[PDB]
Amino acid sequence: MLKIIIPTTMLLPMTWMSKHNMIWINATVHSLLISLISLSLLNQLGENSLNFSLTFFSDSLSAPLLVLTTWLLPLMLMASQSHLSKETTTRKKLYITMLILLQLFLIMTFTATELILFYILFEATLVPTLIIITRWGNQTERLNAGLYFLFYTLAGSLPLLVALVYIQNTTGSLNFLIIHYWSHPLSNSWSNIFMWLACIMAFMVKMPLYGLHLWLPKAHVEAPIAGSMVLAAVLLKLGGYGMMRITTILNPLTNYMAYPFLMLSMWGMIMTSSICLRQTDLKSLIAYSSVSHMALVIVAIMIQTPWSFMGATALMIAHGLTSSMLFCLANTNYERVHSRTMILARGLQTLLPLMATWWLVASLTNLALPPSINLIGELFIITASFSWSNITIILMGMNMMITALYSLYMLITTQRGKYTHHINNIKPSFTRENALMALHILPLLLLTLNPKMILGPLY
Amino acid sequence: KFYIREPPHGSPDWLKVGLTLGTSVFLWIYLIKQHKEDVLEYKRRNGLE
Amino acid sequence: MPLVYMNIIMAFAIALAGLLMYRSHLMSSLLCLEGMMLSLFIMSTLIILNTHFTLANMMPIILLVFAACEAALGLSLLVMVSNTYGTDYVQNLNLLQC
Amino acid sequence: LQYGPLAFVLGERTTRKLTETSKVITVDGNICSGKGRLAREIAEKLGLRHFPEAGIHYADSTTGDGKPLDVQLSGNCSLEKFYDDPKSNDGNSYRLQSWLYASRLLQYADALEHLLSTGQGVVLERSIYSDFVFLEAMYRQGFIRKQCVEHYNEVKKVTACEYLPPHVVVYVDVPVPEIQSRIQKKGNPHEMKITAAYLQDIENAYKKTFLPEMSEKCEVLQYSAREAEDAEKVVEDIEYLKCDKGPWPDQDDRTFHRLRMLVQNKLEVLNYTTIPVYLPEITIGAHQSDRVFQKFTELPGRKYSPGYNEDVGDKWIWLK
Amino acid sequence: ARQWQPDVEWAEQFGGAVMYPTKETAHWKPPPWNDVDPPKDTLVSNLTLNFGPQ
Amino acid sequence: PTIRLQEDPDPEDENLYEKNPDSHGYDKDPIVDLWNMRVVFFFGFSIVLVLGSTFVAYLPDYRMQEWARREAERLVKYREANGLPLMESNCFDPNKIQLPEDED
Amino acid sequence: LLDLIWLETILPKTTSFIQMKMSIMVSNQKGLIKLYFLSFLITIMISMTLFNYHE
Amino acid sequence: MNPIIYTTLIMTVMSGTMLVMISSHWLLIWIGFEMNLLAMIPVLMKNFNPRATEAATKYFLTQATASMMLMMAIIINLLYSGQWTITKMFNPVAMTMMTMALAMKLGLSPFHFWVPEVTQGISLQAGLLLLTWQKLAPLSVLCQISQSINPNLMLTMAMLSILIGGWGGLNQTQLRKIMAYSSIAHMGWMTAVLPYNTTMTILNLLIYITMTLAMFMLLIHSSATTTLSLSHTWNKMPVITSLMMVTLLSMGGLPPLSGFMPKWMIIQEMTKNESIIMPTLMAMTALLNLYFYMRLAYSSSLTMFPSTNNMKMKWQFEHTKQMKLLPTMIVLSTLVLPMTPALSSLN
Amino acid sequence: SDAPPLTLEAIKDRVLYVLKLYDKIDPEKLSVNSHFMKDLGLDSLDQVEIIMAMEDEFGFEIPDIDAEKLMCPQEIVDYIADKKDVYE
Ligand SMILES: CCCCCCCCCCCCCCCCC[C@@H](O)O[C@H](CO[C@H](O)CCCCCCCCCCCCCCC)COP(=O)(O)OCC[N+](C)(C)C
Ligand SMILES: CCCCCCCCCCCCCCCCC[C@@H](O)O[C@H](CO[C@H](O)CCCCCCCCCCCCCCC)COP(=O)(O)OCC[N+](C)(C)C
Ligand SMILES: CCCCCCCCCCCC(=O)SCCNC(=O)CCNC(=O)[C@H](O)C(C)(C)COP(=O)(O)O
Ligand SMILES: Nc1ncnc2c1ncn2[C@@H]1O[C@H](COP(=O)(O)OP(=O)(O)O)[C@@H](O)[C@H]1O
């Protein structure tokens, strides 16, 4: 699949050789073309995966993720060029270089045929994200946010490296196809229990699992808008992808090692949804929303059924799109009033009607209105959990009610009421912002029209 | 324009430029020749041609 | 081993211990270093004489030469320290910390 | 070839070029005294290179083209507004004093490099050894704080100790009332606001610190106002000095090698002027620092190294 | 309106001889700007001798 | 000075509508901004969105859904006519399986 | 109670506190050769008996 | 100091190291160590001041003690087997003393106190030499006797070195002491894999030397020895600060940078034995080195600190001396991970 | 850490202790307001010895002027506090 990798590596010198006033145009056009090219990966088979070479392969689980990455790059470019207008040309090119490198690492991560190469790329994604957050953030908390983002990740990921090299010394290969075909059960011993934990905790902290998520509100609030977009839409899904890949060698030990993570996921889902009800910062609310949805995804991956895997794939794609749209919507108001407090600017539907429509659609997809793919994933996961145990419906049921409550709370607080009297600098919505919202939302409904493209390999 | 000599003048240092280019060309031709003899020796030892 | 070997090894250990625990004067520690060199000379000479290794009879001379170099180095450093502080106390060498 | 250890290993030695007329000379004096004319006459008679007094834009005169730059990108201080408002709440006074000390250090390094490279003598107006009289005059008049004086002392302590003091110090003595009369006769509307106490402080600093401590390094040639117009007499007075008392006679080839390596590499010369001591008078915020640096890099001959700016007519760049 | 950048108060945290100062190390001084400590006046007394009368 | 440092004042934000009443929010230069709008709209809505959706809609059936349906129809027809059971509990012929000799 | 205090207290704040305390313990030496040469003597003696006596 | 004398002393240092590396006789190895120390002492005092004198005295005392123990171990080995050849070291007590002496020479924990002090007391060029060239001889000797080495002592000292390097580096604002603690931790990593595979020791040594050379040359280019003086470099040469930031990231061990390769290969080699717990602890501990590298990157490259007025004069002048190998050192420090299988040529 | 932050009270106890250590002053008649010249019947030479005792006790020298005008313990305490910049 070098027909996708090489054009991004060419995006790099194209950006560094462009005129000072055409960098955004060139980057956007060629990013969109690369996304169109990557659209060809959706032609998947029913039995095995597309095995391009010894190094790269495409499954029905990673193709929508690659398409989402390549589609997210141009949106980040449009979202970034507003607040980077006063920046020098060299620093703007460096920002675009960081974004391009992040896309390249993400594209290679989702198609690596070996687990060590996957590890190296999934860990290389850290440097551009950390640089973006700590260099182009606005407030002084960005440094602490970068430290939290780095060390939470590495403390989980290093035992994974040890476990991976141990597994390769034991079985002779880390190639995923060989690993799948030559799978052997895991006994019940302390060594196997700790091997399970080493293979699972890095992906758990990436989701992130409740109690291990404290880095996420910091990193997602302190980052610039493109950083938040790529952190919520793609980088959280690395944990889910890696967990569905790695669980192939963990049976039958998972049958009982999943209990603490399942309880944490369900209860912390309830807790993070409740936290969303009393939040003064508009971005932290969206971050905690992400935590709740990812807790659902964790449950689906842990119970290990075809329906749960289908629901996990659909939910990951839907959440990426929805959360990126919500972050952009909040950033528009932040750029207008230079504050993140939710109750500062109110009654915005009176001043900005079309942006209010975009807010309504985004918050409707957040609460999983049917027949959106958000609800398809959520309902598949709920059915799988009900088959796992009939008592999960209570916890799942509570979550649905709470999610609707806080979504509409956000909508009513920001759009309805009366406009604050002292704020008189609320200019009309630019064409760029409306195009950004439309390019977020239209693919969601288009995917609803044909949902088998995001349902994973278990379809 | 400059107040002082700024020893590198408008023309480049021709001795250094010539030495650099000569070294590059010598290394390139040496590498080509070495690869050719290596291929010939490998083909002779294993009896391909 | 005989008793003389144990006695020479004990002398080496005592000189090493002497070097390790500093009192006030730097010169005392230099003397302990020279004592270790002398102990090593004696031990090597006894071993070489006992086994009648003819070509090894010249190593202890080399050892003495490099002992002299080491002592000269230490004395030069002591001269510099004393010129800086007017005293050869190891307490004065505390400008750099860990 | 650039001077360095290789040039010293084979051939180049400084001690051979010294030809009894090296004689670093500085001609000190109070404000508005005719020390510059005397310095020029001394240089002309003795055949030495003349260095006019280093101003705010001295460093501009030696890099790029000799033309001065905007005060915002160079100096960031004003001599005129120091006279207008000596007690301004923006730190102009000590900023000017610090910039002038740095300029004097650069000029001293340039003069020493010229002397050690050619063997020819140099004449300076003031030196880093004399710059402190203005600082003391400002402090006694309450124009600067005590912390500024401490910072100045730190920078001087770490900078002025690496060089050799001048061979002979010439001082032109002019009384304060005559100085005021001269300033009035001049016509500049900013120098008229100089109080007599300021000139008195400069004179006290000179005569009670500079000349006493300089007389121990080498003998000082003092002159009243009337006996300074006769330049030939002053020059012939200079030619009969017994200079065997200071550090200059005790310099061999290796010390000259070290000093010659130090006087070139002006970055090494200016190293300690920007120490991270955070005085409000001289500390510049990050946003303003970035803006001013971006402004500076856009000057016509400043973006790249000297021989690499094609926008001022540099050719054959792609072979340099 | 603009990105936050470190000021003097932020920068002064790194200006000490050590991070995380304690009561023992609060009196440690940072090294001099050039690595030259001021010379101590450790005067060495000359020897005084009676030359005569005997 | 009662100050701590020399700094520029925090500047007011620029309104792109002031110098360009139809500004599109892409750039301060009207021509570059207009062409940025045009390329974004053309390459996002006209090219990727509509054409990509058509391409995805008309992708060939590599998932073998219709092939499987036709195969199942053939199998059901054959098994119904012969009187054979529609489906078998064992997907592997027991003749090719060798159970362990002793269960005691 | 949970997100802002105890979840912070157990994992990251405890780690930071422990690392800072051990950094203070390790890095705060007076620079006197007497003390850590005595340390060297202790290390040498322990090493011969603890790891050397058992071969 | 005369340049000719300086060049002679440098060649004598290197001659002592090469004599250590090419000798087959224990006496010649000891002589190489003596010659190296004798020539190294004046190089530390090239810029004369009380701090340099103190650093030289401490270095001399530590290394003279180490060489005395080295000679005693050689003599004990000769006593129990009349062999002068550098081999499996037929006596266990002699091997223990030899290991302790070489650890003292390298600065492995518990005997690690001298390194921060000597590094802070000398110039950046002397520190470059001390932390790069002075590791070769003891490591070569350790490699030649790796079979007879006792794993329990070497691994204890290696883990202690990693822990103490991280903890000590956490507390420093002086750049030379940060470099010294980084050196201690990397020495620990080097000696942890020595009983299992000496090729990994050599690979780690080479990569560490490259990164250390790049860091020291960047520090010499921008004349900064404290954190606050390095915080000014962005307003004079931003490219230098960016390259330093990337090199600091590489030193931390983050993939896809070249720094990650030695740790990765050492972990794999240790898991090829049983040895599971030790690499896990080593990685968790190297996170501390990553922390203070990241703090340095925050202070020098990712944020802009306030500057001074006199920097405007520095803006007008260029760097006179140029280091010809700095670009290659930076590239080798950063972009070398894809060439990892080339380590086979090391054995 | 260094010495504790010396206060006015401790200064007073040290001054009074030094004064009652002087064999020419009876302890019970001495107060912080006693005047050396009149109350304690001490001559000018005696005062010089008291100032030298203060110098020894507090580790710093008092010039001939300055020290000469301190005629009772309270002035000595005030001078020591002002020199050491002690307010509590
Ligand atoms: C804040 C969020 C952090 C993330 C959450 C991570 C979740 C980690 C939890 C690990 C899940 C299970 C771990 C081990 C499996 C069983 C646990 C054990 O309690 O079960 C019994 C174990 O019996 C006893 O409990 C022995 C264990 C007692 C010592 C364990 C310490 C637990 C104390 C709690 C410390 C907190 C740990 C997490 C730190 C944050 C089973 O009996 P037994 O059959 O014999 O053992 C089975 C293994 N065999 C077959 C090889 C024999
Ligand atoms: C502003 C005003 C708005 C209101 C006015 C609108 C006026 C009406 C227009 C609205 C249309 C109504 C929709 C009704 C559905 C009709 C279309 C439907 O029939 O087509 C579907 C086809 O839809 C497409 O398959 C789905 C589109 C694919 C979506 C991919 C998005 C493109 C990429 C963009 C970036 C990706 C980001 C997300 C990463 C994963 C049928 O699928 P299928 O059953 O097969 O067809 C059977 C016959 N075939 C197979 C021979 C073709
Ligand atoms: C170990 C043995 C060595 C002993 C040898 C020491 C040598 C002695 C040197 C003698 C120096 C003089 O005579 S010095 C001259 C001394 N005489 C005067 O000054 C005349 C005025 N007298 C007074 O002021 C008072 O009587 C006075 C007592 C001073 C108190 O002073 P107050 O009223 O202000 O408290
Ligand atoms: N270091 C300094 N600090 C403050 N002012 C200075 C300094 N050096 C020169 N000046 C000012 O420059 C003006 C003229 O300088 P001066 O050399 O004394 O007269 P002239 O031009 O006749 O040589 C005077 O107003 C003097 O105060």
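Looking only at region H:315-347, which residues are assigned to a loop (DSSP other than H, G, I, E, B) and either without any contact (Cβ under 8 Å) to a residue 12 or more places away in the chain or closer than 17 Å to H:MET211 by Cα (or both)? Outline the logic, then answer.
Initially, region H:315-347 is screened for residues assigned to a loop (DSSP other than H, G, I, E, B), giving H:316-325, H:335-336, H:347.
Passing the criteria: H:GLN316, H:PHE317, H:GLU318, H:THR320, H:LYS321, H:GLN322, H:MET323, H:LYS324, H:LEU325, H:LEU335, H:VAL336.
The residues on offer are A:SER85, A:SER31, A:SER40, A:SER60, and the sole one that is under 23 Å from the mean Cα position of the chain (by Cα), part of a loop (DSSP other than H, G, I, E, B) and within 11 Å of chain F (Cβ to nearest Cβ) is A:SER60.
Only residues that are of a type in the set (A, V, I, L, M, F, W, C) and more than 16 Å from ligand 1 (Cβ to nearest atom) were counted in region A:247-269, giving 1.
Here H:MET72 fits the description: within 25 Å of C:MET37 (Cα to Cα), touching a helix residue (DSSP H, G or I) at 6+ places or on another chain (Cβ under 8 Å) and among the aliphatic types (A, V, I, L, M).
Report, by residue number, each residue of region D:156-172 that is in contact (Cβ under 8 Å) with a residue 60 or more places away in the chain and touching a helix residue (DSSP H, G or I) at 6+ places or on another chain (Cβ under 8 Å). Before you say what the answer is, go through the steps one by one.
Initially, region D:156-172 is screened for residues in contact (Cβ under 8 Å) with a residue 60 or more places away in the chain, giving D:158-159, D:162-172.
Residues satisfying the conditions are D:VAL158, D:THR159, D:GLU162, D:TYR163, D:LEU164, D:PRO165, D:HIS167, D:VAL168, D:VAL169, D:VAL170, D:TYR171, D:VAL172.
Against the list (1) touching a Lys or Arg at 6+ places or on another chain (Cβ under 7 Å); (2) farther than 23 Å from A:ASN331 by Cα; (3) within 13 Å of another protein chain (Cβ to nearest Cβ), the condition A:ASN21 fails is (1). For region D:272-300, a tally of residues being more than 22 Å from F:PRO1 (Cα to Cα) and surrounded by fewer than 18 Cβ atoms within 10 Å (Cβ to Cβ) returns 7. Of all residues in region A:437-449, none that is away from chain F (no Cβ under 11 Å) has its Cβ atom under 6 Å from the Cβ atom of a residue that is within 16 Å of ligand 1 (Cβ to nearest atom) and not in a helix (DSSP H, G or I), 6 or more apart or on another chain.
Annotation note: of H:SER229, H:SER223, the sole residue that is assigned to a helix (DSSP H, G or I), over 19 Å from the mean Cα position of the chain (by Cα) and surrounded by fewer than 23 Cβ atoms within 10 Å (Cβ to Cβ) is H:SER229. Taken over region A:399-423, the residue count meeting the criterion of being over 17 Å from A:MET342 (Cα atoms) and without any contact (Cβ under 8 Å) to a residue 60 or more places away in the chain is 3. A count restricted to region C:47-90 and to residues that are surrounded by fewer than 18 Cβ atoms within 10 Å (Cβ to Cβ), facing another protein chain (nearest Cβ under 7 Å) and touching a residue at least 12 places away in the same chain (Cβ under 8 Å) stands at 0.
Filter region H:46-78 for residues that are of a type in the set (S, T, N, Q), more than 21 Å from the chain's Cα centre (by Cα) and more than 7 Å from every other protein chain (Cβ to nearest Cβ) and give the result. Show your work before the answer.
Residues of region H:46-78 of a type in the set (S, T, N, Q): H:47, H:49, H:53, H:57, H:62-63, H:65, H:67, H:77.
Going one step further and asking which of them are more than 21 Å from the chain's Cα centre (by Cα), we end up with H:47, H:49, H:53, H:77.
H:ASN47, H:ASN77 - these are the residues of region H:46-78 that are of a type in the set (S, T, N, Q), more than 21 Å from the chain's Cα centre (by Cα) and more than 7 Å from every other protein chain (Cβ to nearest Cβ).
Within region F:1-38, the set of residues being more than 9 Å from chain A (Cβ to nearest Cβ), of a type in the set (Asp, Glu), surrounded by fewer than 16 Cβ atoms within 10 Å (Cβ to Cβ) and under 30 Å from H:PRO306 (Cβ atoms) comprises F:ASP8, F:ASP10, F:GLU12. Might you let me know whether region A:411-430 holds any residue that is within 16 Å of ligand 2 (Cβ to nearest atom), farther than 30 Å from A:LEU262 by Cβ and surrounded by fewer than 14 Cβ atoms within 10 Å (Cβ to Cβ)? Checking region A:411-430: not a single residue is within 16 Å of ligand 2 (Cβ to nearest atom), farther than 30 Å from A:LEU262 by Cβ and surrounded by fewer than 14 Cβ atoms within 10 Å (Cβ to Cβ). Annotation note: of B:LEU19, B:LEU15, the sole residue that is within 30 Å of D:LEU1 (Cβ to Cβ) and surrounded by fewer than 10 Cβ atoms within 10 Å (Cβ to Cβ) is B:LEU15. Restricted to helices (runs of 4 or more DSSP H) entirely inside region D:1-96, no element has at least 2 residues that are under 30 Å from D:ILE179 (Cα atoms), within 10 Å of ligand 4 (Cβ to nearest atom) and over 21 Å from the mean Cα position of the chain (by Cα). Out of curiosity, is E:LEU47 within 11 Å of chain C (Cβ to nearest Cβ) and in a loop (DSSP other than H, G, I, E, B)? So E:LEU47 fails the test. Does A:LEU121 meet the test of being facing another protein chain (nearest Cβ under 10 Å) and over 30 Å from D:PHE293 (Cβ atoms)? The answer is yes for A:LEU121. Among the residues of region D:49-98, those identified as over 30 Å from D:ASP314 (Cβ atoms) and within 14 Å of chain H (Cβ to nearest Cβ) are D:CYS77, D:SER78, D:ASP90, D:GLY91, D:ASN92, D:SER93, D:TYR94, D:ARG95, D:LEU96, D:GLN97, D:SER98. Of all residues in region H:69-113, exactly one satisfies the criterion of being surrounded by fewer than 24 Cβ atoms within 10 Å (Cβ to Cβ) and closer than 30 Å to E:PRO30 by Cα, namely H:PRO110.
The set of residues in region A:43-54 being more than 10 Å from chain F (Cβ to nearest Cβ) and exposed (fewer than 14 other Cβ atoms within 10 Å of the Cβ) consists of A:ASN48, A:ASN51, A:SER53, A:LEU54. Reported count of residues in region C:1-28, each being closer than 14 Å to C:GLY74 by Cα and touching a residue at least 60 places away in the same chain (Cβ under 8 Å), is 3. With a requirement of 3 or more residues that are buried (at least 19 other Cβ atoms within 10 Å of the Cβ), the helices (runs of 4 or more DSSP H) lying completely within region D:135-211 that satisfy it span D:146-159, D:196-205.
Please indicate, with yes or no, whether at least one residue in region I:7-29 is basic (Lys, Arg), farther than 19 Å from I:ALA53 by Cα and more than 14 Å from chain E (Cβ to nearest Cβ).
Residues of region I:7-29 basic (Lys, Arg): I:12, I:14, I:20, I:24, I:29.
From what is left, the residues that are farther than 19 Å from I:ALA53 by Cα are I:29.
Within this subset, residues satisfying the condition of being more than 14 Å from chain E (Cβ to nearest Cβ) are I:29.
The answer is yes, given that some residue of region I:7-29 is basic (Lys, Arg), farther than 19 Å from I:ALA53 by Cα and more than 14 Å from chain E (Cβ to nearest Cβ).
Of all the residues in region A:175-232, those that are closer than 25 Å to A:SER265 by Cα and either among the aliphatic types (A, V, I, L, M) or within 16 Å of ligand 2 (Cβ to nearest atom) (or both) number 21. Of the residues making up chain G, those that are assigned to a loop (DSSP other than H, G, I, E, B) and away from ligand 1 (no atom under 16 Å from the Cβ) are G:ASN28, G:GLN29, G:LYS30, G:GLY31, G:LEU32, G:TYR53, G:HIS54, G:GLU55.
Could you pull out every one of the helices (runs of 4 or more DSSP H) wholly within region A:294-370 that has 2 or more residues that are buried (at least 23 other Cβ atoms within 10 Å of the Cβ) and under 21 Å from the mean Cα position of the chain (by Cα)?
Details: elements: A:306-337, A:348-351, A:353-366.
Answer list for region A:294-370: A:306-337, A:353-366.
Among residues of region G:1-26 that are touching a residue at least 60 places away in the same chain (Cβ under 8 Å) and within 14 Å of chain H (Cβ to nearest Cβ), none has a Cβ under 6 angstrom from a residue that is among the polar types (S, T, N, Q) and more than 12 Å from ligand 1 (Cβ to nearest atom) at a sequence gap of 6+ or on a separate chain.
Bear in mind that the values in this text are calculations on the coordinates, not laboratory data. Positions of Cβ are generated from backbone atoms using ideal geometry, with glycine treated the same way; all protein chains shown enter the neighbour counts.
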